[PDB]
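All remarks here apply to the structure that follows.
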There are 4 protein chains.
Amino acid sequence: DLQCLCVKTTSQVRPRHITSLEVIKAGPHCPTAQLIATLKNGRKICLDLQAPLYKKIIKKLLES
Amino acid sequence: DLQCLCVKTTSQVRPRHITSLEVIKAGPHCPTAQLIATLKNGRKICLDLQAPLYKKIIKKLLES
Amino acid sequence: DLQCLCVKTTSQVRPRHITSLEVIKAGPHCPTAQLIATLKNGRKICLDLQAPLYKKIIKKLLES
Amino acid sequence: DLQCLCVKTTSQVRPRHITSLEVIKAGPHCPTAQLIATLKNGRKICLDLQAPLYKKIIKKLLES
């Protein structure tokens, strides 16, 4: 059995401090895609898939 | 406050299918560590704390 | 010290076959952005930072 | 793709410093378990297996 990781979702994130972004396909464990984002100082946080905000973030991660 | 990321945890994890563990330290961001398990099919789950589960999984990892 | 996780790039990927896709910013780990797609079979491939590929990939991974 | 993240280890670090600590198991990319450690500031160091420090760090981290 086993569950969704992302349910508590934040939008008080500085895109100028995200190191990874992981996009996981919705499936069996969770009926929605989950956007996990590793902040630079260690910690992770789930991102709002209803928020505009993951637009901004992927541009400045692919800009290199 | 919260964004602990892991709020429901688990034990329902077949040890031989977990490819990576992240032990994130607890902090002002969330009062408890998380044991985020990344499994071979991509799916990621937060295991349950303070148990024999972590010496189990960790030594199936500290080898092959 | 760490190096780039990716050492080749993949042009043939069947977009629906991916489960996770992580995007890692450029930094001391490696001067280039990196995109790593876990296939259904636990295979990890990396994709080219300017390919068409991830434009479909993040959409098909967001919807559902 | 085929890369070992850790090209060289990092034989000393204070356990009161590490936030995340990642245990990565062998497979097609590194025939070696790798133990990445993201320090309190941002930059990762890889701890090494067969050695007194990792038991100690994982302890510190888990009590939290």
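Chain identifiers are assigned as A, B, and so on, following the order in which chains appear in the structure tokens; residues are numbered from 1 within each chain, and ligands are numbered from 1 in order of appearance.
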Inset, instruction - For residue C:43, work out the shell of residues within 10 Å, counting only C-alpha atoms and skipping chain neighbours fewer than 6 positions away, then give it as a list in words. - result: residues 40, 41 and 42 of chain B; 18, 36 and 37 of chain C; 1 and 28 of chain D
Legend entry - Cα RMSD of chain B after least-squares fit onto chain A, all atoms paired in order: 1.5 Å
Inset, instruction - Once DSSP has gone over the backbone, tell me which residues of stretch 5-57 of chain D are in strand (DSSP E), as a PyMOL selection string. - result: chain D and resi 18-24+34-39+44-47
Please produce an output containing C-alpha atoms for each residue in the selection, written as a PDB file, in the first residue's frame.
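Okay, this is what ended up in part_12.pdb:
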```pdb
ATOM      1  CA  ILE D  18      25.059  18.323   7.955  1.00  0.00           C
ATOM      2  CA  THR D  19      21.305  18.854   7.190  1.00  0.00           C
ATOM      3  CA  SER D  20      20.425  16.125   4.652  1.00  0.00           C
ATOM      4  CA  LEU D  21      22.503  12.986   4.382  1.00  0.00           C
ATOM      5  CA  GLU D  22      21.868  10.754   1.445  1.00  0.00           C
ATOM      6  CA  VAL D  23      22.632   7.077   1.289  1.00  0.00           C
ATOM      7  CA  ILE D  24      22.734   5.936  -2.370  1.00  0.00           C
ATOM      8  CA  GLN D  34      27.863   6.745  -1.982  1.00  0.00           C
ATOM      9  CA  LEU D  35      26.934   8.838   1.124  1.00  0.00           C
ATOM     10  CA  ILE D  36      26.431  12.494   0.023  1.00  0.00           C
ATOM     11  CA  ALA D  37      26.138  15.139   2.847  1.00  0.00           C
ATOM     12  CA  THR D  38      24.731  18.648   2.121  1.00  0.00           C
ATOM     13  CA  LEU D  39      26.331  20.918   4.795  1.00  0.00           C
ATOM     14  CA  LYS D  44      27.744  18.945  -0.659  1.00  0.00           C
ATOM     15  CA  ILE D  45      30.607  16.744   0.547  1.00  0.00           C
ATOM     16  CA  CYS D  46      30.587  12.909   0.175  1.00  0.00           C
ATOM     17  CA  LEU D  47      31.320  11.020   3.416  1.00  0.00           C
TER      18      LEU D  47
END
```
Inset, instruction - Please report, as a list in words, each residue of chain D to which DSSP assigns helix (DSSP H, G or I) when run on this structure's backbone. - result: residues 53, 54, 55, 56, 57, 58, 59, 60, 61, 62 and 63 of chain D
Got time to write the residues from that selection, N, CA, C and O atoms, as a short mmCIF file (atom, residue, chain, number, x, y, z; two decimals), in the first residue's frame?
```
data_model
loop_
_atom_site.label_atom_id
_atom_site.label_comp_id
_atom_site.auth_asym_id
_atom_site.auth_seq_id
_atom_site.Cartn_x
_atom_site.Cartn_y
_atom_site.Cartn_z
N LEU D 53 33.35 7.93 10.91
CA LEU D 53 32.33 8.99 10.80
C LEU D 53 30.86 8.71 10.33
O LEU D 53 29.94 9.37 10.87
N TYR D 54 30.48 7.77 9.45
CA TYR D 54 29.08 7.80 9.03
C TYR D 54 28.05 7.29 10.06
O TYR D 54 26.97 7.89 10.22
N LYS D 55 28.39 6.24 10.85
CA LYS D 55 27.58 5.77 11.99
C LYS D 55 27.23 6.97 12.92
O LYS D 55 26.10 7.25 13.34
N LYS D 56 28.29 7.75 13.16
CA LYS D 56 28.20 8.89 14.05
C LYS D 56 27.28 9.94 13.45
O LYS D 56 26.38 10.40 14.16
N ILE D 57 27.41 10.28 12.16
CA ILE D 57 26.61 11.35 11.59
C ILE D 57 25.15 10.91 11.59
O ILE D 57 24.26 11.66 12.03
N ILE D 58 24.86 9.68 11.14
CA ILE D 58 23.48 9.23 11.04
C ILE D 58 22.85 9.25 12.44
O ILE D 58 21.67 9.61 12.56
N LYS D 59 23.60 8.94 13.51
CA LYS D 59 23.07 9.02 14.85
C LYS D 59 22.62 10.44 15.10
O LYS D 59 21.42 10.69 15.23
N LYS D 60 23.57 11.38 15.04
CA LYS D 60 23.36 12.78 15.39
C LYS D 60 22.08 13.27 14.77
O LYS D 60 21.16 13.69 15.46
N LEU D 61 22.04 12.98 13.48
CA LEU D 61 20.96 13.42 12.65
C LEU D 61 19.66 12.83 13.15
O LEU D 61 18.75 13.62 13.45
N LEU D 62 19.55 11.51 13.32
CA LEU D 62 18.27 10.95 13.70
C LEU D 62 17.67 11.38 15.06
O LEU D 62 16.44 11.60 15.14
N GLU D 63 18.44 11.58 16.15
CA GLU D 63 17.88 12.04 17.42
C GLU D 63 17.19 13.36 17.14
O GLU D 63 15.99 13.46 17.43
#
```
Please find the residues of chain A near chain B - the criterion being any atom within 6 Å, counting only C-alpha atoms - and write them as a PDB file with N, CA and C atoms, in the first residue's frame.
```pdb
ATOM      1  N   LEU A   2       1.065   2.240   0.868  1.00  0.00           N
ATOM      2  CA  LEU A   2       1.964   3.420   0.826  1.00  0.00           C
ATOM      3  C   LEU A   2       1.281   4.603   0.154  1.00  0.00           C
ATOM      4  N   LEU A   5       3.440  11.661  -0.978  1.00  0.00           N
ATOM      5  CA  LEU A   5       4.321  12.474  -0.159  1.00  0.00           C
ATOM      6  C   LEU A   5       3.688  13.877  -0.158  1.00  0.00           C
ATOM      7  N   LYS A   8       1.093  18.908   1.685  1.00  0.00           N
ATOM      8  CA  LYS A   8       1.159  20.240   2.258  1.00  0.00           C
ATOM      9  C   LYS A   8       2.013  20.991   1.241  1.00  0.00           C
ATOM     10  N   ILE A  45      10.394  20.908   0.028  1.00  0.00           N
ATOM     11  CA  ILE A  45       9.041  21.412   0.247  1.00  0.00           C
ATOM     12  C   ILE A  45       8.151  21.069  -0.945  1.00  0.00           C
TER      13      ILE A  45
END
```
Inset, instruction - Just give me the gap between atom CA of residue C:48 and atom CA of residue A:64 in Å, one decimal is fine. - result: 11.7 Å
Inset, instruction - Tell me, in Å to one decimal, how far atom CA of residue A:33 is from atom CA of residue B:32. - result: 24.9 Å
